[PDB]
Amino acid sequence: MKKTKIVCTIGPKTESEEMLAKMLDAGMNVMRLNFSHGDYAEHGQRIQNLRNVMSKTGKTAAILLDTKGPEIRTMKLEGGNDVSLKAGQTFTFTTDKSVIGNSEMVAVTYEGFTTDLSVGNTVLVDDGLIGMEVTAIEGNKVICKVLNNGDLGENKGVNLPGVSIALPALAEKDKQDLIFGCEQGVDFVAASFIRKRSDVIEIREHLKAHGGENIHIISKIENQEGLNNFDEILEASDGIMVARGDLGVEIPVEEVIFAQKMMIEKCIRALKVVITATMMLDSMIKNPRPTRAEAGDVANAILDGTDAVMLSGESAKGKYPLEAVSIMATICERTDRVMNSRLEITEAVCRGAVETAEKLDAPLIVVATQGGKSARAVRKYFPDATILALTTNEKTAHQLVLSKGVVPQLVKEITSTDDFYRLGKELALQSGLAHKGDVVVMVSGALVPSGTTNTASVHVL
């Protein structure tokens, strides 16, 4: 069975229950809702469908709300026509959202473009298709020198590598998309363009402002500042999504795999889920097979140690959504199966539980948990055993779906430590994960508040 979990963005080709059900089947574990597009009724029905499928089949899934977040865009061109920039030329950016640009100038949606930039700074346009150098700044104008030939279209993304931008943490719309999220009760929010811990807290404050206080916040690392503030961001969030594509636009190429690796490792050490994201099977938006280069990159994320892998357009609008979920899974299964535990108070207990589980060959580790901490603490060592996580918190069951190799199970009550061992035993067996005569290792907390894992116990089924 794979352990690495797969997050799929759901779109209109993939939203029916029927599809939903086909996807959980091929390996889907979380549904992602990309608020870059769609309205609240579409999303709602999507949430509802999933939830339907869920109730109908007994499968579990989780629901991740992706915010759209702050951005700087170029706007419109003459006659809606493309313009050819030429290396060396001068090109100029205007804050005047009224201007209609041409081959010499264009407007930008971001009234602060002037202040945040600085002569010498680089401007990149259309996910890096064109780069320019800033020569001068005056009035509403940024004047640059195009450093390379390319066609500027209408409404294009601008990157300001190394630059810190004064956009706020939450775009405007952004705020209403989280309220919605709270109202529907999503299990995670993936917040875009995080650059500093201050940005996390703002998102937590909104959530908490709307009853979304138990919603896990996944900060998306997408540029250099964020990369820089990684540690403090990480400390404030419940987890991370490394966006290779965005990073590869903001920072030196040779540094992007190293950033992924690093972030991945700090997550696992912090007990915070991490998602590996942009540019996974993108060729499948158009083909029914990924390329070899693509297969190795995902493999290598799994090997880097991620908890989950994510499909974007491959599953939202491509022509083979189910073919991607399916190859995405054989690759997880196959990568996962050649990985090893990493042994190298919660910690002591949990490493011991894992080390023991392995020494006794137990196929299963059973953990009791309120917040999900102890299922994460065991997953920190990359057990060979599957983790059967019992909990009475619904949210916690949902959120554990995202964790590597955990199988959450919602229970009505856990009266006591021996009560857990009994129940854990029943379930072990009920789960077809183990059979009479297997050793099982059961971890939980005893006379300690949630957040402390201090007890390990070996049992024979």
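One rule holds for the numbers: they count along the sequence shown, beginning at 1.
Unmodelled residues of the deposited sequence between neighbouring positions residue 254 and residue 255 number none; the chain is continuous.
In this crystal structure, the stretch out of 333-341 and 138-146 whose C-alpha atoms carry the higher mean B factor is 138-146.
Stretch comparison (382-390 versus 274-282) by mean CA B-factor in the PDB entry places 274-282 on top. Comparing C-alpha B-factors across 157, 318, 305, 371 in the deposited entry, the largest value falls on 318.
Per the PDB record, 164 has a higher Cα B-factor than any other of 164, 346, 198, 192. Split the chain's modelled residues into thirds by C-alpha temperature factor. Residue 419 is in the middle one. When the modelled residues of the chain are ordered by C-alpha B-factor, residue 183 sits in the lowest third. Ranked by Cα temperature factor within the chain, residue 1 sits in the highest third according to the deposited record. Ranked against the other modelled residues of its chain, the C-alpha B-factor of residue 32 as given in the entry falls in the lowest third.
Residue-level temperature factors show residue 95 in the highest third of its chain, judged at the C-alpha atom.
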